[PDB]
Amino acid sequence: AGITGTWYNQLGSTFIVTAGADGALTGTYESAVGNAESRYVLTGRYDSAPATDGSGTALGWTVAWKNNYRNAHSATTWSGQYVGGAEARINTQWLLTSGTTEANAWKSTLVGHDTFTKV
Amino acid sequence: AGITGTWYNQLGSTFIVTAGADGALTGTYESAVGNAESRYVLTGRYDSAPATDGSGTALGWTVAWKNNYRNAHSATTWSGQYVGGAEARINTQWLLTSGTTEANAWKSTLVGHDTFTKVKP
Amino acid sequence: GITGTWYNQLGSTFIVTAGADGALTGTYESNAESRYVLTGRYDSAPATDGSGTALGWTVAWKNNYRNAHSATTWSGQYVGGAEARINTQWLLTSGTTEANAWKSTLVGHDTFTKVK
Amino acid sequence: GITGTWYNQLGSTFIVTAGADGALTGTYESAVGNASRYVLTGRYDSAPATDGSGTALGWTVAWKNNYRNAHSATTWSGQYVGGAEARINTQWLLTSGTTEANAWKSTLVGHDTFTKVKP
């Protein structure tokens with residue numbers, strides 16, 4: 001599958017993921033420094049039988065920004081595709097929703113994009 | 001009362017979820033739309049210690065659209081918050097990315113919004 | 001069917017003229033201090049098979065009184081009939097430094113109706 | 001500033017004029033999709049902050065001209081960042097006209113970055 005291992009985004013974040021035989025993604029999302037206070041559980045899913053026509057492999061995962069040290073009362077989901085090869089990539093778009101009151105719900109969700117590489 | 005239970009979105013999809021003590025979301029999703037049949041595995045995360053100021057509970061989950069029956073070569077993530085009340089609700093926005101070639105990647109991702117209630121609309 | 005006054009789910013008012021050349025022009029009120037210019041485009045020759053009419057518009061949140069240094073775009077479709085609607089999703093980008101650009105853009109949805 | 005000819009990462013051409021009143025006007029030529037030139041209109045912050053922040057802006061293209069009509073429209077929302085290599089960084093939504101039953105799949109999302117040099 002080529003997904004299991006450590007990936008790095010464009011802004012100094014790191015995630016270590018295991019892609020299970022059944023389609024499970026499990027691992028940890030952290031900062032470049034990697035101190036315990038920056039590490040969070042991740043969990044998601046991927047297509048364990050992708051097409052063989054040159055298409056990427058669809059996948060997604062979630063991090064809720066609570067660990068044993070802090071809690072931002074928020075969660076990010078990344079949705080994207082893995083592309084293999086010597087320059088392997090995971091290309092994603094993300095949604096970051098914070099817990100808000102109803103009056104503030106209109107501004108609860110940020111959107112962006114992350115590109116992950118193995119180096 | 002809480003996240004654990006059976007939920008339905010505005011189109012009649014069925015979201016059966018368990019919120020574990022450790023922050024884990026597990027369960028199954030059955031889609032009323034798209035290249036989908038029967039139940040699919042979901043996993044996700046939620047804030048197990050939300051704020052006490054009246055804010056909702058942040059969460060998210062993923063379905064890869066492969067099961068024993070079909071494989072759409074795609075995955076949806078829902079990102080949102082649970083809001084408790086007399087009519088409990090989970091308000092989400094979602095991204096649905098298909099596996100594509102590089103030339104087609106620009107059109108790989110749909111976006112929308114789903115609202116879930118424990119009462120079927 | 002697009003020209004006129006529209007109201008979203010949260011008390012904003014959208015006053016628009018749909019011109020023959022595909023232009024959308026008008027004002028968005030989120031009174032004078034709360035009124036902002038809007039411009040956009042719409043499909044002036046939509047299908048007649050039950051499909052909606054695609055459209056989009058932008059408001060930059062500056063007027064003669066205030067400036068939030070931000071802009072919202074709404075992308076969606078007009079649906080005519082007895083309960084006509086404009087169903088949209090939106091992106092709100094603020095001007096930021098590069099270090100804060102990752103959190104520059106909010107996303108959401110607005111539904112507009114011809115009655116409050 | 002914003003006025004000029006820009007190119008996205010896929011080779012589309014964005015010819016824009018930023019007027020004194022906050023107006024954006026011009027033409028867009030897409031290197032992608034069911035698309036020659038199309039009219040665009042939008043708005044920008046004509047008095048940005050003076051603290052190093054970018055200039056917020058957005059614009060719309062309806063994909064109808066004298067030669068094709070895709071029954072769809074794209075909005076780009078983003079900010080202009082000046083400097084040695086000026087750049088406009090955007091996220092976009094592309095909505096097609098659909099029936100109600102197909103409305104759930106009416107909107108595509110992505111991100112475009114524009115420079116004054118072709119990719």
# chains A, B, ... in the order shown; residues from 1 in each chain; ligands from 1

$ residues_around --residues "range 69-77 of chain D" --least-positions-apart "5" --cutoff "7 Å" --atoms "only C-alpha atoms" --output "ChimeraX atom specification"
/C:43,46,54-56,72-73,75,91-93 /D:34,57-64,90-97

$ write_last_selection --atoms "C-alpha atoms" --output "PDB file, in the first residue's frame"
ATOM      1  CA  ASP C  43     -25.631  31.476 -15.888  1.00  0.00           C
ATOM      2  CA  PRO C  46     -29.701  27.756 -17.655  1.00  0.00           C
ATOM      3  CA  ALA C  54     -25.444  28.281 -11.213  1.00  0.00           C
ATOM      4  CA  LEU C  55     -24.154  31.554  -9.730  1.00  0.00           C
ATOM      5  CA  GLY C  56     -21.609  33.140  -7.398  1.00  0.00           C
ATOM      6  CA  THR C  72     -16.618  36.224   1.360  1.00  0.00           C
ATOM      7  CA  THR C  73     -17.505  34.343  -1.824  1.00  0.00           C
ATOM      8  CA  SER C  75     -21.044  29.672  -4.721  1.00  0.00           C
ATOM      9  CA  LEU C  91     -15.539  30.817   1.775  1.00  0.00           C
ATOM     10  CA  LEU C  92     -14.441  33.751   3.950  1.00  0.00           C
ATOM     11  CA  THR C  93     -10.749  34.660   3.605  1.00  0.00           C
TER      12      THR C  93
ATOM     13  CA  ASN D  34     -15.527  22.188 -19.913  1.00  0.00           C
ATOM     14  CA  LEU D  57     -10.250  39.323  -2.397  1.00  0.00           C
ATOM     15  CA  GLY D  58     -12.606  37.094  -4.350  1.00  0.00           C
ATOM     16  CA  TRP D  59     -14.117  36.689  -7.791  1.00  0.00           C
ATOM     17  CA  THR D  60     -16.610  34.600  -9.783  1.00  0.00           C
ATOM     18  CA  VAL D  61     -16.686  33.107 -13.287  1.00  0.00           C
ATOM     19  CA  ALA D  62     -19.917  31.699 -14.714  1.00  0.00           C
ATOM     20  CA  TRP D  63     -18.845  29.138 -17.318  1.00  0.00           C
ATOM     21  CA  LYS D  64     -20.932  30.567 -20.177  1.00  0.00           C
ATOM     22  CA  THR D  90      -6.950  30.979  -3.227  1.00  0.00           C
ATOM     23  CA  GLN D  91      -9.431  28.282  -2.408  1.00  0.00           C
ATOM     24  CA  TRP D  92     -12.333  27.740  -4.802  1.00  0.00           C
ATOM     25  CA  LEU D  93     -15.848  26.297  -5.043  1.00  0.00           C
ATOM     26  CA  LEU D  94     -17.277  25.125  -8.381  1.00  0.00           C
ATOM     27  CA  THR D  95     -21.070  24.638  -8.310  1.00  0.00           C
ATOM     28  CA  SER D  96     -22.990  23.074 -11.203  1.00  0.00           C
ATOM     29  CA  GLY D  97     -26.709  23.495 -11.760  1.00  0.00           C
TER      30      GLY D  97
END

$ select_by_dssp --residues "chain D" --states "strand (DSSP E)" --output "JSON, numbers by chain"
{"D": [4, 5, 6, 7, 13, 14, 15, 16, 17, 18, 23, 24, 25, 26, 27, 28, 29, 37, 38, 39, 40, 41, 42, 43, 44, 55, 56, 57, 58, 59, 60, 61, 62, 63, 64, 69, 70, 71, 72, 73, 74, 75, 76, 77, 78, 79, 80, 81, 87, 88, 89, 90, 91, 92, 93, 94, 95, 96, 107, 108, 109, 110, 111, 112, 113, 114]}

$ write_last_selection --atoms "C-alpha atoms" --output "PDB file, in the first residue's frame"
ATOM      1  CA  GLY D   4      -2.131  42.442 -14.147  1.00  0.00           C
ATOM      2  CA  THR D   5      -1.969  39.035 -15.801  1.00  0.00           C
ATOM      3  CA  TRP D   6      -1.673  35.990 -13.535  1.00  0.00           C
ATOM      4  CA  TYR D   7      -1.347  32.231 -14.094  1.00  0.00           C
ATOM      5  CA  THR D  13      -4.809  32.787 -17.323  1.00  0.00           C
ATOM      6  CA  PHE D  14      -6.372  35.404 -15.002  1.00  0.00           C
ATOM      7  CA  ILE D  15      -6.356  38.931 -16.477  1.00  0.00           C
ATOM      8  CA  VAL D  16      -7.636  41.306 -13.812  1.00  0.00           C
ATOM      9  CA  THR D  17      -8.000  45.011 -13.094  1.00  0.00           C
ATOM     10  CA  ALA D  18      -8.414  46.264  -9.518  1.00  0.00           C
ATOM     11  CA  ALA D  23     -13.990  46.268  -8.038  1.00  0.00           C
ATOM     12  CA  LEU D  24     -12.264  43.367  -9.773  1.00  0.00           C
ATOM     13  CA  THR D  25     -12.980  43.006 -13.499  1.00  0.00           C
ATOM     14  CA  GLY D  26     -11.386  41.015 -16.285  1.00  0.00           C
ATOM     15  CA  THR D  27     -11.282  37.673 -18.077  1.00  0.00           C
ATOM     16  CA  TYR D  28     -10.411  34.090 -17.158  1.00  0.00           C
ATOM     17  CA  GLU D  29      -9.168  31.327 -19.476  1.00  0.00           C
ATOM     18  CA  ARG D  37     -12.194  33.537 -22.350  1.00  0.00           C
ATOM     19  CA  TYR D  38     -14.939  34.049 -19.759  1.00  0.00           C
ATOM     20  CA  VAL D  39     -16.024  37.197 -17.917  1.00  0.00           C
ATOM     21  CA  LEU D  40     -15.091  37.531 -14.259  1.00  0.00           C
ATOM     22  CA  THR D  41     -16.161  40.045 -11.617  1.00  0.00           C
ATOM     23  CA  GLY D  42     -15.273  40.331  -7.956  1.00  0.00           C
ATOM     24  CA  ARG D  43     -14.213  42.541  -5.066  1.00  0.00           C
ATOM     25  CA  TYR D  44     -11.050  43.257  -3.078  1.00  0.00           C
ATOM     26  CA  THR D  55      -5.088  41.764   0.752  1.00  0.00           C
ATOM     27  CA  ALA D  56      -8.372  39.844   0.877  1.00  0.00           C
ATOM     28  CA  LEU D  57     -10.250  39.323  -2.397  1.00  0.00           C
ATOM     29  CA  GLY D  58     -12.606  37.094  -4.350  1.00  0.00           C
ATOM     30  CA  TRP D  59     -14.117  36.689  -7.791  1.00  0.00           C
ATOM     31  CA  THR D  60     -16.610  34.600  -9.783  1.00  0.00           C
ATOM     32  CA  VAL D  61     -16.686  33.107 -13.287  1.00  0.00           C
ATOM     33  CA  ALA D  62     -19.917  31.699 -14.714  1.00  0.00           C
ATOM     34  CA  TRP D  63     -18.845  29.138 -17.318  1.00  0.00           C
ATOM     35  CA  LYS D  64     -20.932  30.567 -20.177  1.00  0.00           C
ATOM     36  CA  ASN D  69     -22.077  26.766 -21.515  1.00  0.00           C
ATOM     37  CA  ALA D  70     -21.242  24.279 -18.763  1.00  0.00           C
ATOM     38  CA  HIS D  71     -24.138  25.431 -16.518  1.00  0.00           C
ATOM     39  CA  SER D  72     -21.760  26.030 -13.617  1.00  0.00           C
ATOM     40  CA  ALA D  73     -19.784  28.737 -11.823  1.00  0.00           C
ATOM     41  CA  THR D  74     -16.556  28.963  -9.813  1.00  0.00           C
ATOM     42  CA  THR D  75     -15.756  31.375  -6.990  1.00  0.00           C
ATOM     43  CA  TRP D  76     -12.189  31.951  -5.811  1.00  0.00           C
ATOM     44  CA  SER D  77     -11.618  33.339  -2.299  1.00  0.00           C
ATOM     45  CA  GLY D  78      -8.138  34.295  -1.174  1.00  0.00           C
ATOM     46  CA  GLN D  79      -5.519  36.942  -0.555  1.00  0.00           C
ATOM     47  CA  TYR D  80      -2.892  38.789  -2.558  1.00  0.00           C
ATOM     48  CA  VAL D  81       0.601  38.686  -1.045  1.00  0.00           C
ATOM     49  CA  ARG D  87       1.243  35.681  -5.391  1.00  0.00           C
ATOM     50  CA  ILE D  88      -2.515  35.269  -5.000  1.00  0.00           C
ATOM     51  CA  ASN D  89      -3.365  32.219  -2.891  1.00  0.00           C
ATOM     52  CA  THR D  90      -6.950  30.979  -3.227  1.00  0.00           C
ATOM     53  CA  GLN D  91      -9.431  28.282  -2.408  1.00  0.00           C
ATOM     54  CA  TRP D  92     -12.333  27.740  -4.802  1.00  0.00           C
ATOM     55  CA  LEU D  93     -15.848  26.297  -5.043  1.00  0.00           C
ATOM     56  CA  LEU D  94     -17.277  25.125  -8.381  1.00  0.00           C
ATOM     57  CA  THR D  95     -21.070  24.638  -8.310  1.00  0.00           C
ATOM     58  CA  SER D  96     -22.990  23.074 -11.203  1.00  0.00           C
ATOM     59  CA  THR D 107     -19.981  21.414  -5.631  1.00  0.00           C
ATOM     60  CA  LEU D 108     -16.271  20.723  -6.160  1.00  0.00           C
ATOM     61  CA  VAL D 109     -13.564  22.289  -3.955  1.00  0.00           C
ATOM     62  CA  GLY D 110      -9.873  22.959  -4.508  1.00  0.00           C
ATOM     63  CA  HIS D 111      -7.036  25.444  -4.231  1.00  0.00           C
ATOM     64  CA  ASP D 112      -5.252  27.564  -6.849  1.00  0.00           C
ATOM     65  CA  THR D 113      -2.098  29.649  -6.478  1.00  0.00           C
ATOM     66  CA  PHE D 114      -1.471  32.433  -9.007  1.00  0.00           C
TER      67      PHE D 114
END

$ closest_atom_pairs --of "chain B" --to "chain C" --cutoff "8 Å" --atoms "only C-alpha atoms" --output "Markdown table"
| residue | atom | partner | partner_atom | distance |
| --- | --- | --- | --- | --- |
| B:93 | CA | C:108 | CA | 7.7 |
| B:112 | CA | C:89 | CA | 7.8 |
| B:113 | CA | C:109 | CA | 7.6 |

$ write_last_selection --atoms "N, CA and C atoms" --output "PDB file, in the first residue's frame"
ATOM      1  N   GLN B  93     -19.669  19.525   8.080  1.00  0.00           N
ATOM      2  CA  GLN B  93     -19.310  19.758   6.696  1.00  0.00           C
ATOM      3  C   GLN B  93     -18.372  18.638   6.276  1.00  0.00           C
ATOM      4  N   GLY B 112     -19.744  19.394   0.894  1.00  0.00           N
ATOM      5  CA  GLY B 112     -21.124  19.636   1.254  1.00  0.00           C
ATOM      6  C   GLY B 112     -21.281  19.739   2.753  1.00  0.00           C
ATOM      7  N   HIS B 113     -22.540  19.732   3.191  1.00  0.00           N
ATOM      8  CA  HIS B 113     -22.868  19.843   4.607  1.00  0.00           C
ATOM      9  C   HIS B 113     -24.017  18.904   4.939  1.00  0.00           C
TER      10      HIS B 113
END

$ interface_residues --of "chain A" --to "chain D" --cutoff "9 Å" --atoms "only C-alpha atoms" --output "ChimeraX atom specification"
/A:93,111-113

$ write_last_selection --atoms "N, CA, C and O atoms" --output "PDB file, in the first residue's frame"
ATOM      1  N   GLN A  93      -7.076  17.911   1.430  1.00  0.00           N
ATOM      2  CA  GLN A  93      -7.773  19.102   1.881  1.00  0.00           C
ATOM      3  C   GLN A  93      -8.337  18.795   3.263  1.00  0.00           C
ATOM      4  O   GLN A  93      -8.623  17.635   3.582  1.00  0.00           O
ATOM      5  N   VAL A 111     -10.916  25.868   6.635  1.00  0.00           N
ATOM      6  CA  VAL A 111     -10.605  24.972   5.523  1.00  0.00           C
ATOM      7  C   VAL A 111      -9.208  25.275   4.984  1.00  0.00           C
ATOM      8  O   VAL A 111      -8.782  26.436   4.935  1.00  0.00           O
ATOM      9  N   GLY A 112      -8.498  24.231   4.576  1.00  0.00           N
ATOM     10  CA  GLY A 112      -7.192  24.407   3.970  1.00  0.00           C
ATOM     11  C   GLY A 112      -6.735  23.137   3.279  1.00  0.00           C
ATOM     12  O   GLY A 112      -7.530  22.231   3.030  1.00  0.00           O
ATOM     13  N   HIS A 113      -5.435  23.072   2.978  1.00  0.00           N
ATOM     14  CA  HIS A 113      -4.869  21.951   2.235  1.00  0.00           C
ATOM     15  C   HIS A 113      -3.465  21.654   2.740  1.00  0.00           C
ATOM     16  O   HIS A 113      -2.707  22.571   3.060  1.00  0.00           O
TER      17      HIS A 113
END

$ interface_residues --of "chain B" --to "chain D" --cutoff "9 Å" --atoms "only C-alpha atoms" --output "mmCIF file with C-alpha atoms, in the first residue's frame"
data_model
loop_
_atom_site.group_PDB
_atom_site.id
_atom_site.type_symbol
_atom_site.label_atom_id
_atom_site.label_comp_id
_atom_site.auth_asym_id
_atom_site.auth_seq_id
_atom_site.Cartn_x
_atom_site.Cartn_y
_atom_site.Cartn_z
ATOM 1 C CA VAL B 33 -26.700 8.612 -2.190
ATOM 2 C CA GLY B 34 -23.889 7.713 -4.558
ATOM 3 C CA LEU B 95 -15.152 16.393 1.856
ATOM 4 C CA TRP B 106 -8.392 19.120 -9.830
ATOM 5 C CA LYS B 107 -11.933 17.662 -9.792
ATOM 6 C CA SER B 108 -11.278 14.928 -7.212
ATOM 7 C CA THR B 109 -13.051 16.481 -4.191
ATOM 8 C CA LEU B 110 -16.727 17.258 -3.562
ATOM 9 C CA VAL B 111 -17.820 19.399 -0.590
ATOM 10 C CA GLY B 112 -21.124 19.636 1.254
ATOM 11 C CA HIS B 113 -22.868 19.843 4.607
#

$ closest_atom_pairs --of "chain C" --to "chain A" --cutoff "8 Å" --atoms "only C-alpha atoms" --output "Markdown table"
| residue | atom | partner | partner_atom | distance |
| --- | --- | --- | --- | --- |
| C:102 | CA | A:112 | CA | 6.7 |
| C:103 | CA | A:110 | CA | 6.4 |
| C:104 | CA | A:110 | CA | 7.7 |
| C:105 | CA | A:110 | CA | 5.6 |
| C:106 | CA | A:110 | CA | 4.3 |
| C:107 | CA | A:109 | CA | 5.8 |
| C:108 | CA | A:106 | CA | 6.7 |

$ interface_residues --of "chain C" --to "chain D" --cutoff "9 Å" --atoms "only C-alpha atoms" --output "mmCIF file with N, CA and C atoms, in the first residue's frame"
data_model
loop_
_atom_site.group_PDB
_atom_site.id
_atom_site.type_symbol
_atom_site.label_atom_id
_atom_site.label_comp_id
_atom_site.auth_asym_id
_atom_site.auth_seq_id
_atom_site.Cartn_x
_atom_site.Cartn_y
_atom_site.Cartn_z
ATOM 1 N N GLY C 22 -25.404 38.474 -17.718
ATOM 2 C CA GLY C 22 -24.861 37.552 -16.744
ATOM 3 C C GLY C 22 -24.317 38.181 -15.480
ATOM 4 N N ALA C 23 -24.454 39.495 -15.312
ATOM 5 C CA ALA C 23 -23.905 40.166 -14.140
ATOM 6 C C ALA C 23 -24.833 40.061 -12.936
ATOM 7 N N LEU C 24 -24.234 39.905 -11.757
ATOM 8 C CA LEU C 24 -24.921 40.134 -10.490
ATOM 9 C C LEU C 24 -24.340 41.391 -9.859
ATOM 10 N N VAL C 37 -20.989 46.488 -0.867
ATOM 11 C CA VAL C 37 -21.152 46.193 -2.289
ATOM 12 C C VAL C 37 -20.954 44.705 -2.550
ATOM 13 N N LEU C 38 -21.758 44.153 -3.451
ATOM 14 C CA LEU C 38 -21.525 42.804 -3.948
ATOM 15 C C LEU C 38 -21.525 42.787 -5.466
ATOM 16 N N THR C 39 -20.663 41.947 -6.044
ATOM 17 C CA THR C 39 -20.685 41.684 -7.478
ATOM 18 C C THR C 39 -20.447 40.203 -7.720
ATOM 19 N N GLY C 40 -21.008 39.709 -8.814
ATOM 20 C CA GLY C 40 -20.786 38.334 -9.205
ATOM 21 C C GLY C 40 -21.325 38.049 -10.590
ATOM 22 N N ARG C 41 -21.530 36.761 -10.861
ATOM 23 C CA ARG C 41 -21.941 36.273 -12.175
ATOM 24 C C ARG C 41 -22.933 35.130 -12.007
ATOM 25 N N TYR C 42 -23.784 34.942 -13.017
ATOM 26 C CA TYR C 42 -24.713 33.817 -13.026
ATOM 27 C C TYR C 42 -24.877 33.318 -14.455
ATOM 28 N N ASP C 43 -25.344 32.075 -14.583
ATOM 29 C CA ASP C 43 -25.631 31.476 -15.888
ATOM 30 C C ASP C 43 -26.911 32.088 -16.448
ATOM 31 N N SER C 44 -26.786 32.916 -17.495
ATOM 32 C CA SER C 44 -27.942 33.602 -18.071
ATOM 33 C C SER C 44 -28.749 32.728 -19.028
ATOM 34 N N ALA C 45 -28.310 31.501 -19.309
ATOM 35 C CA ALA C 45 -29.063 30.575 -20.157
ATOM 36 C C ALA C 45 -29.071 29.195 -19.515
ATOM 37 N N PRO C 46 -29.696 29.052 -18.345
ATOM 38 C CA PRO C 46 -29.701 27.756 -17.655
ATOM 39 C C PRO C 46 -30.525 26.728 -18.413
ATOM 40 N N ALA C 47 -30.335 25.470 -18.032
ATOM 41 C CA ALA C 47 -31.149 24.404 -18.589
ATOM 42 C C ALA C 47 -32.596 24.547 -18.128
ATOM 43 N N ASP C 49 -34.640 21.777 -17.524
ATOM 44 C CA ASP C 49 -34.908 20.368 -17.274
ATOM 45 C C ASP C 49 -35.084 20.079 -15.789
ATOM 46 N N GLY C 50 -35.326 21.110 -14.979
ATOM 47 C CA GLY C 50 -35.418 20.965 -13.544
ATOM 48 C C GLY C 50 -34.144 21.300 -12.792
ATOM 49 N N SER C 51 -33.043 21.561 -13.493
ATOM 50 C CA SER C 51 -31.788 21.908 -12.841
ATOM 51 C C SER C 51 -31.796 23.355 -12.361
ATOM 52 N N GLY C 52 -31.015 23.618 -11.318
ATOM 53 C CA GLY C 52 -30.856 24.974 -10.833
ATOM 54 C C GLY C 52 -29.988 25.823 -11.746
ATOM 55 N N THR C 53 -29.907 27.113 -11.409
ATOM 56 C CA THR C 53 -29.126 28.092 -12.158
ATOM 57 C C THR C 53 -27.857 28.409 -11.369
ATOM 58 N N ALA C 54 -26.698 28.074 -11.930
ATOM 59 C CA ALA C 54 -25.444 28.281 -11.213
ATOM 60 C C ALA C 54 -25.108 29.766 -11.096
ATOM 61 N N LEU C 55 -24.514 30.155 -9.961
ATOM 62 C CA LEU C 55 -24.154 31.554 -9.730
ATOM 63 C C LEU C 55 -23.091 31.648 -8.634
ATOM 64 N N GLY C 56 -22.511 32.839 -8.499
ATOM 65 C CA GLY C 56 -21.609 33.140 -7.398
ATOM 66 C C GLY C 56 -21.460 34.636 -7.246
ATOM 67 N N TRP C 57 -21.092 35.079 -6.035
ATOM 68 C CA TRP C 57 -20.807 36.500 -5.844
ATOM 69 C C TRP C 57 -19.818 36.689 -4.700
ATOM 70 N N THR C 58 -19.248 37.902 -4.627
ATOM 71 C CA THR C 58 -18.248 38.267 -3.630
ATOM 72 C C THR C 58 -18.666 39.544 -2.909
ATOM 73 N N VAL C 59 -18.409 39.587 -1.601
ATOM 74 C CA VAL C 59 -18.445 40.816 -0.813
ATOM 75 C C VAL C 59 -17.077 40.978 -0.166
ATOM 76 N N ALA C 60 -16.425 42.117 -0.400
ATOM 77 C CA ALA C 60 -15.284 42.517 0.419
ATOM 78 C C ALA C 60 -15.801 43.375 1.565
ATOM 79 N N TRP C 61 -15.402 43.034 2.790
ATOM 80 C CA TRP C 61 -16.015 43.606 3.983
ATOM 81 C C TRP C 61 -15.431 44.967 4.353
ATOM 82 N N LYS C 62 -15.385 45.859 3.370
ATOM 83 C CA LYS C 62 -15.013 47.254 3.558
ATOM 84 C C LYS C 62 -16.140 48.130 3.027
ATOM 85 N N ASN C 67 -13.888 48.255 8.096
ATOM 86 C CA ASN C 67 -13.102 47.393 7.213
ATOM 87 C C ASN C 67 -12.583 46.215 8.028
ATOM 88 N N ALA C 68 -13.091 45.020 7.729
ATOM 89 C CA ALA C 68 -12.673 43.788 8.388
ATOM 90 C C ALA C 68 -11.460 43.140 7.729
ATOM 91 N N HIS C 69 -10.950 43.703 6.633
ATOM 92 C CA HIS C 69 -9.818 43.125 5.904
ATOM 93 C C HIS C 69 -10.082 41.647 5.591
ATOM 94 N N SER C 70 -11.202 41.402 4.914
ATOM 95 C CA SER C 70 -11.630 40.044 4.599
ATOM 96 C C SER C 70 -12.654 40.125 3.472
ATOM 97 N N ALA C 71 -12.940 38.970 2.863
ATOM 98 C CA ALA C 71 -13.917 38.891 1.781
ATOM 99 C C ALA C 71 -14.567 37.513 1.775
ATOM 100 N N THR C 72 -15.870 37.469 1.473
ATOM 101 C CA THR C 72 -16.618 36.224 1.360
ATOM 102 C C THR C 72 -17.048 36.008 -0.085
ATOM 103 N N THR C 73 -16.898 34.775 -0.571
ATOM 104 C CA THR C 73 -17.505 34.343 -1.824
ATOM 105 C C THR C 73 -18.569 33.293 -1.544
ATOM 106 N N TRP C 74 -19.723 33.442 -2.187
ATOM 107 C CA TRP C 74 -20.791 32.452 -2.131
ATOM 108 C C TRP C 74 -20.890 31.793 -3.493
ATOM 109 N N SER C 75 -20.938 30.460 -3.503
ATOM 110 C CA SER C 75 -21.044 29.672 -4.721
ATOM 111 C C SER C 75 -22.264 28.776 -4.579
ATOM 112 N N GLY C 76 -23.152 28.799 -5.563
ATOM 113 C CA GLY C 76 -24.355 28.007 -5.392
ATOM 114 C C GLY C 76 -25.263 27.968 -6.592
ATOM 115 N N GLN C 77 -26.548 27.710 -6.354
ATOM 116 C CA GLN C 77 -27.506 27.654 -7.447
ATOM 117 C C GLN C 77 -28.849 28.201 -6.993
ATOM 118 N N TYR C 78 -29.519 28.890 -7.911
ATOM 119 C CA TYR C 78 -30.880 29.358 -7.708
ATOM 120 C C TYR C 78 -31.858 28.269 -8.139
ATOM 121 N N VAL C 79 -32.871 28.037 -7.309
ATOM 122 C CA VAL C 79 -33.933 27.076 -7.581
ATOM 123 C C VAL C 79 -35.248 27.842 -7.527
ATOM 124 N N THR C 88 -26.307 27.920 -1.162
ATOM 125 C CA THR C 88 -24.902 28.277 -1.345
ATOM 126 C C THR C 88 -23.995 27.614 -0.320
ATOM 127 N N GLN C 89 -22.731 27.513 -0.706
ATOM 128 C CA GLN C 89 -21.629 27.318 0.219
ATOM 129 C C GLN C 89 -20.700 28.516 0.062
ATOM 130 N N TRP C 90 -19.988 28.866 1.126
ATOM 131 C CA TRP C 90 -19.194 30.082 1.116
ATOM 132 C C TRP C 90 -17.802 29.871 1.695
ATOM 133 N N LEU C 91 -16.902 30.758 1.278
ATOM 134 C CA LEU C 91 -15.539 30.817 1.775
ATOM 135 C C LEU C 91 -15.260 32.249 2.197
ATOM 136 N N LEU C 92 -14.751 32.426 3.412
ATOM 137 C CA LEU C 92 -14.441 33.751 3.950
ATOM 138 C C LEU C 92 -12.948 33.816 4.261
ATOM 139 N N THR C 93 -12.194 34.541 3.434
ATOM 140 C CA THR C 93 -10.749 34.660 3.605
ATOM 141 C C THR C 93 -10.407 36.016 4.211
ATOM 142 N N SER C 94 -9.611 36.002 5.278
ATOM 143 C CA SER C 94 -9.060 37.217 5.861
ATOM 144 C C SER C 94 -7.641 37.447 5.353
ATOM 145 N N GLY C 95 -7.262 38.716 5.226
ATOM 146 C CA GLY C 95 -5.859 39.038 5.003
ATOM 147 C C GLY C 95 -5.044 38.711 6.244
ATOM 148 N N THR C 96 -3.986 37.917 6.072
ATOM 149 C CA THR C 96 -3.157 37.506 7.201
ATOM 150 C C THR C 96 -1.686 37.611 6.821
ATOM 151 N N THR C 97 -0.819 37.463 7.820
ATOM 152 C CA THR C 97 0.584 37.211 7.531
ATOM 153 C C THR C 97 0.761 35.774 7.034
ATOM 154 N N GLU C 98 1.941 35.495 6.476
ATOM 155 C CA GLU C 98 2.208 34.144 5.994
ATOM 156 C C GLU C 98 2.128 33.133 7.131
ATOM 157 N N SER C 104 -6.530 31.229 7.601
ATOM 158 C CA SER C 104 -7.084 32.419 6.965
ATOM 159 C C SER C 104 -8.511 32.250 6.448
ATOM 160 N N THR C 105 -9.022 31.026 6.302
ATOM 161 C CA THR C 105 -10.231 30.796 5.506
ATOM 162 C C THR C 105 -11.267 29.987 6.275
#

$ interface_residues --of "chain B" --to "chain A" --cutoff "8 Å" --atoms "only C-alpha atoms" --output "PyMOL selection string"
chain B and resi 23+42-51+54-66+73-81+93-102+109

$ residues_around --residues "residue 34 in chain C" --least-positions-apart "6" --cutoff "9 Å" --atoms "only C-alpha atoms" --output "ChimeraX atom specification"
/C:28,63,65-66

$ atom_distance --atom1 "CA of residue 26 in chain B" --atom2 "CA of residue 52 in chain B"
24.8 Å

$ atom_distance --atom1 "CA of residue 9 in chain A" --atom2 "CA of residue 11 in chain D"
24.7 Å

$ atom_distance --atom1 "CA of residue 32 in chain B" --atom2 "CA of residue 13 in chain B"
4.7 Å

$ residues_around --residues "residue 69 in chain B" --least-positions-apart "5" --cutoff "9 Å" --atoms "only C-alpha atoms" --output "number ranges by chain"
B: 36-38

$ write_last_selection --atoms "N, CA and C atoms" --output "short mmCIF file (atom, residue, chain, number, x, y, z; two decimals), in the first residue's frame"
data_model
loop_
_atom_site.label_atom_id
_atom_site.label_comp_id
_atom_site.auth_asym_id
_atom_site.auth_seq_id
_atom_site.Cartn_x
_atom_site.Cartn_y
_atom_site.Cartn_z
N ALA B 36 -22.91 3.32 -3.57
CA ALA B 36 -22.86 2.78 -2.22
C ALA B 36 -24.01 1.81 -2.00
N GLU B 37 -23.74 0.75 -1.24
CA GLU B 37 -24.73 -0.27 -0.92
C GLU B 37 -24.41 -0.83 0.46
N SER B 38 -25.44 -0.92 1.31
CA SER B 38 -25.30 -1.51 2.64
C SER B 38 -24.35 -0.70 3.53
#
